[PDB]
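Enquirer: Compute the structure for the input listed below.
(2 chains, ligands or ions: 2)
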Amino acid sequence: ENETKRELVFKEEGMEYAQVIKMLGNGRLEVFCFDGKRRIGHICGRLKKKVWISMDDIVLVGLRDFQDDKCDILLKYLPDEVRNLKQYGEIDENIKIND
RNA sequence: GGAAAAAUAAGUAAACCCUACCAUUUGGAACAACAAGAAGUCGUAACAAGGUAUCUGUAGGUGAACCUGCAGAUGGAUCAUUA
Ligand SMILES: [Mg+2]
Ligand SMILES: [Mg+2]
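Expert: Residues are numbered from 1 along each chain as shown, chains lettered A, B, ... in the order given. Ligands and ions are numbered 1, 2, ... in the order given. There you are, the coordinates:
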């Protein structure tokens, strides 16, 4: 089971990798960013449609210049995209991915 | 005789204190909401006889809605049965 293979997308400049910490509501969450900062993310209008996100998922996060404290949830990683990220050496090898 | 200074008595009374207030703003320890939205939590009170009909007053209980007592209203789920 999976949605069609598409290229694992990396953190471009202005984005950061993140892991979901707790659930807020109104389509919001607290994320731990691999920037090293906690932020409060809002979920994309795109993602609100397609991909349901939950706790401890690994997500890509589009950042904001002005408010660093808020960030936008960009895309969710499939656990395979994640293990691949670890392979590539983008995100640290000690991280908990749950199924 | 006139008359400056200086003094005198009573008054007008500014300003500064003490008391007690009113008005228009304002600083403030300590408390601390409300409306809107939705992919957080616990349950499911209400809409159907919401699965114990709701609802009003009151009173008591109580994670949460709510629950129970008494009197009341159909906005009721009855306009209606002496033989
Ligand atoms: Mg809710
Ligand atoms: Mg009470």
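Enquirer: Every contact and neighbour count from this point should use C-alpha atoms.
Expert: Fine.
Enquirer: what about the longest helix in chain A?
Expert: The longest helix of chain A (DSSP state H) is helix A:79-88.
Enquirer: What separation do you get for the residue nearest the centre of chain A and residue A:30?
Expert: By Cα atoms, centre = their mean, chain A has its centre lying nearest to residue A:59, at 1.3 Å. Distance, residue A:59 to residue A:30, by Cα to Cα, to the nearest Å: 12 Å.
Enquirer: what touches both of those two?
Expert: The overlap between the contact sets of residue A:59 and residue A:30 (Cα atoms under 8 Å, 6 or more residues apart in numbering) consists of residue A:20.
Enquirer: Show me where chain A has its helices.
Expert: A:45-49, A:79-88.
Enquirer: Out of those, flag the one nearest RNA strand B.
Expert: helix A:45-49 (3.4 Å; Cα to the nearest atom of the strand).
Enquirer: Pull up the pairing partners for the strand ranked longest in chain A, direction included.
Expert: Criterion DSSP state E: the longest strand present in chain A is strand A:15-23. Here strand A:15-23 is paired, per DSSP bridges, with strand A:28-33 (antiparallel), strand A:58-62 (antiparallel).
Enquirer: so which of the helices of chain A is the most packed in?
Expert: helix A:79-88 (a mean of 15; mean count of other Cα atoms under 10 Å).
Enquirer: Which positions in chain A make contact with RNA strand B?
Expert: A:22-28, A:43, A:47-54 (Cα under 7 Å from any atom of the strand).
Enquirer: how about a cut-off of 10 Å?
Expert: Within chain A, the positions lying close to RNA strand B (Cα under 10 Å from any atom of the strand) are A:22-29, A:42-55, A:73, A:75-76.
Enquirer: Buried members of those into ChimeraX, please.
Expert: Listed next is the ChimeraX selection for buried residues among the residues of chain A next to RNA strand B, using 16 or more other Cα atoms under 10 Å:
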select /A:28,29,42,43,44,53,73,75,76
